[PDB]
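Worksheet for the structure shown next.
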Amino acid sequence: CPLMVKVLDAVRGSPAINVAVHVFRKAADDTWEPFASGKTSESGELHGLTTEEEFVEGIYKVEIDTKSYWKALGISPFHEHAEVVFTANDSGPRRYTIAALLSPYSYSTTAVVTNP
Amino acid sequence: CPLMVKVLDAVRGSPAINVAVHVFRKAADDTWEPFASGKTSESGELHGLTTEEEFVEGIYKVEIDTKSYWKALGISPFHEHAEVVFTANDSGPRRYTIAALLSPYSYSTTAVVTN
Amino acid sequence: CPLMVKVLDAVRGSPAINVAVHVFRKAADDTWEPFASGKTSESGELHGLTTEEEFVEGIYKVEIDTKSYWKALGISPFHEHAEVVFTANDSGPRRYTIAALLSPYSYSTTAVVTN
Amino acid sequence: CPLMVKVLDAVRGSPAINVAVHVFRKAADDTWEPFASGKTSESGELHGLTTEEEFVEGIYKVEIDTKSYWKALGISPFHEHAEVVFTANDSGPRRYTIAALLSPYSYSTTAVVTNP
Ligand SMILES: Cc1cc([N+](=O)[O-])c(O)c([N+](=O)[O-])c1
Ligand SMILES: Cc1cc([N+](=O)[O-])c(O)c([N+](=O)[O-])c1
Ligand code: NA
Ligand code: NA
């Protein structure tokens, strides 16, 4: 799979498990079209969102549902979600890992981009 | 002002100057309505976006034009922009600082909410 | 003052108040000599650590007592402390801000070096 | 192995490869005794530093040689290194991943602690 999402919890020192993730792709009319969704596993990783064939060039938005995560654990966090928006595959196919480290009032995110 | 935005550059160890920032408020029909905007100053800060009277409870989005910032430095970045989405609550402390720390392939954001 | 330390709490979205900070300078024999210390204020900031005359070029260590901070909040943290080690250079901008953002199992640190 | 170190580069969007790492353990006389060392692989990971038998209770310091990393790439960074100091195994053996995300004037670090 050319798109993976990994989420860690900076309060517990653990993977962030069961985090809902929704991916969108910008359509020709400039709207966000639903593309794929899933939830992180016990390792904090979400695999299998898409395929090389379906992950064409485009502008993608990876929405990480951080508020639902913290609220499911009884914490009242600051952000509604974390959004990661990027152009993908504009120089040919690449593999993308979108990582995020969560705290109730802060998050970090980075990307690892590799050429298969 | 109840809302301030600060942007820092982790590559050069400096404020991120002249970064465009747009603030939106979520409307009843679930669309994003323009609310306020500006460019960060020489200190990386953007003051005066709004007033206590105008900054009512609701859901707000702060969009930071990180791509244009890096492109002006001759660096090709990963993200189209950085977006910070949050609910303003009256119960909470009154003043909101939204800080972002930028690298070409990474950003962090935190909220400092105080009296 | 050429050196300021700022500490923020990512769990509560607030300054980290009353955090002990110790600064050391590396001596010729490679040991760490005490240089300055204090506690962060209600704004999470520690000002007045040193002067331009005293802050000569060299290697400095800023140790932030993060463990005591979390323990006072009833939270068990991972790190013994956070340490920031850097060289002061005269060529560079004059004023150094060392910022740290704290969570129980994580911290970030950045330097803002300006004129 | 119960201790792993992973390092990423936030400028390049890639693993941080060939980063030197030195681990120390506080001795009874309060000095930092050398414990293990190595360098990150092409994946940004450093495996095999120690064993369950030799990784006893103690206070450990993981020194990540960030300045040498950036300088080997011709960048002049702010920090001399990144130091991660923690008590390990005080409630029995655990597995520790020490992660770090590097920029020239900033770094983040987190831990993932699991119970085998
Ligand atoms: C002021 C500041 C410092 C750091 N830092 O790295 O020390 C940060 O990460 C952030 N932030 O927004 O996440 C803000
Ligand atoms: C910083 C970081 C740490 C871990 N980690 O395992 O702690 C990761 O897996 C990743 N990543 O990209 O997948 C990044
Ligand atoms: Na192209
Ligand atoms: Na014990």
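Cβ coordinates were reconstructed from backbone atoms using ideal geometry, including for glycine residues, and neighbour counts include every protein chain displayed. Here, each number is a calculation from the coordinates, and none is a lab measurement.
Assuming residue B:27 fulfils every condition listed in (1) touching a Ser or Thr at 6+ places or on another chain (Cβ under 9 Å); (2) among the small types (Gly, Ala, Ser); (3) over 26 Å from residue B:105 (Cβ atoms) apart from one, which condition is it?
That leaves (1) as the condition not met.
Run residue C:75 past the list (1) touching a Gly at 6+ places or on another chain (Cβ under 9 Å); (2) away from ligand 2 (no atom under 16 Å from the Cβ) and report the number of the one that doesn't hold.
Answer for residue C:75: the failing condition is (1).
Anything in the range B:13-47 that is basic (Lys, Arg) and surrounded by fewer than 17 Cβ atoms within 10 Å (Cβ to Cβ)? List them, or say none. Steps first, answer last, please.
From the range B:13-47, those basic (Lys, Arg) are B:25-26, B:39; that's our starting set.
Correct list: B:39 only.
Is at least one residue of the range D:17-37 under 27 Å from residue C:89 (Cα atoms), within 14 Å of chain B (Cβ to nearest Cβ) and under 16 Å from the mean Cα position of the chain (by Cα)?
Looking for residues that are under 27 Å from residue C:89 (Cα atoms), within 14 Å of chain B (Cβ to nearest Cβ) and under 16 Å from the mean Cα position of the chain (by Cα), one finds none in the range D:17-37, hence no.
Which residues, taken from the range A:1-42, are closer than 25 Å to residue A:116 by Cα and either within 16 Å of ligand 1 (Cβ to nearest atom) or among the β-branched types (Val, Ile, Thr) (or both)?
A:5, A:7, A:21, A:23, A:40
Identify, from the list D:11, D:62, the residue that is part of a strand (DSSP E or B) and in contact (Cβ under 8 Å) with a residue 40 or more places away in the chain. Break it down stepwise before answering.
Working: D:11 fails: part of a strand (DSSP E or B).
Answer to the selection: D:62.
Give me the residue from the range D:68-109 that is closer than 17 Å to residue C:62 by Cα and of a type in the set (D, E, K, R) and, out of that set, surrounded by the most Cβ atoms within 10 Å (Cβ to Cβ).
Step by step, filter the range D:68-109, then rank; the result is D:83.
For residue B:50, are the conditions met, namely being loosely packed, with under 13 Cβ neighbours inside 10 Å, more than 11 Å from every other protein chain (Cβ to nearest Cβ), of a type in the set (S, T, N, Q) and farther than 19 Å from residue C:6 by Cβ?
It is false that residue B:50 is loosely packed, with under 13 Cβ neighbours inside 10 Å, more than 11 Å from every other protein chain (Cβ to nearest Cβ), of a type in the set (S, T, N, Q) and farther than 19 Å from residue C:6 by Cβ.
Among the residues that make up the range A:68-91, is at least one of them more than 14 Å from chain C (Cβ to nearest Cβ), assigned to a strand (DSSP E or B) and farther than 27 Å from residue B:86 by Cα?
At the first step, the residues of the range A:68-91 found to be more than 14 Å from chain C (Cβ to nearest Cβ) are A:68-69, A:71-72, A:80-81, A:83-91.
Next, only the ones that are assigned to a strand (DSSP E or B) stay: A:80-81, A:83-88, A:90.
From what's left, farther than 27 Å from residue B:86 by Cα: A:90.
Among the residues of the range A:68-91, at least one is more than 14 Å from chain C (Cβ to nearest Cβ), assigned to a strand (DSSP E or B) and farther than 27 Å from residue B:86 by Cα, which makes the answer yes.
Among the numbered conditions (1) at the interface with another protein chain (Cβ under 10 Å from one of its Cβ atoms); (2) of a type in the set (D, E, K, R); (3) in contact with a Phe, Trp or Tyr (Cβ under 6 Å, 6 or more places away or on another chain), tell me where residue B:25 comes up short.
For residue B:25, the exception is condition (1).
Please work out which residue is nearest to the other protein chains (Cβ to nearest Cβ), limiting yourself to the range B:68-108 and to residues that are surrounded by fewer than 19 Cβ atoms within 10 Å (Cβ to Cβ) and among the hydroxyl-bearing types (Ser, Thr, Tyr).
Out of the qualifying residues, it is B:87.
Residues that are in contact (Cβ under 8 Å) with a residue 24 or more places away in the chain, farther than 15 Å from residue B:82 by Cβ and in contact with a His (Cβ under 6 Å, 6 or more places away or on another chain): does the range A:25-46 have at least one?
The answer is no; no qualifying residue exists.
When you look at residue B:111, is it of a type in the set (A, V, I, L, M), in contact with a helix residue (DSSP H, G or I) (Cβ under 8 Å, 6 or more places away or on another chain) and assigned to a strand (DSSP E or B), yes or no? Can you show your working first?
Values: of a type in the set (A, V, I, L, M): yes; in contact with a helix residue (DSSP H, G or I) (Cβ under 8 Å, 6 or more places away or on another chain): no; assigned to a strand (DSSP E or B): yes.
Here the answer is no, as residue B:111 does not meet what is asked.
Which ones in the range A:65-105 are within 16 Å of ligand 2 (Cβ to nearest atom) and free of Cβ contacts under 8 Å to residues at least 60 places away in the same chain? Write out each step before concluding.
Of the residues in the range A:65-105, the ones within 16 Å of ligand 2 (Cβ to nearest atom) are A:82, A:84, A:86, A:94-103.
Once the filter is applied, which keeps residues that are within 16 Å of ligand 2 (Cβ to nearest atom) and free of Cβ contacts under 8 Å to residues at least 60 places away in the same chain, the range A:65-105 yields A:82, A:84, A:86.
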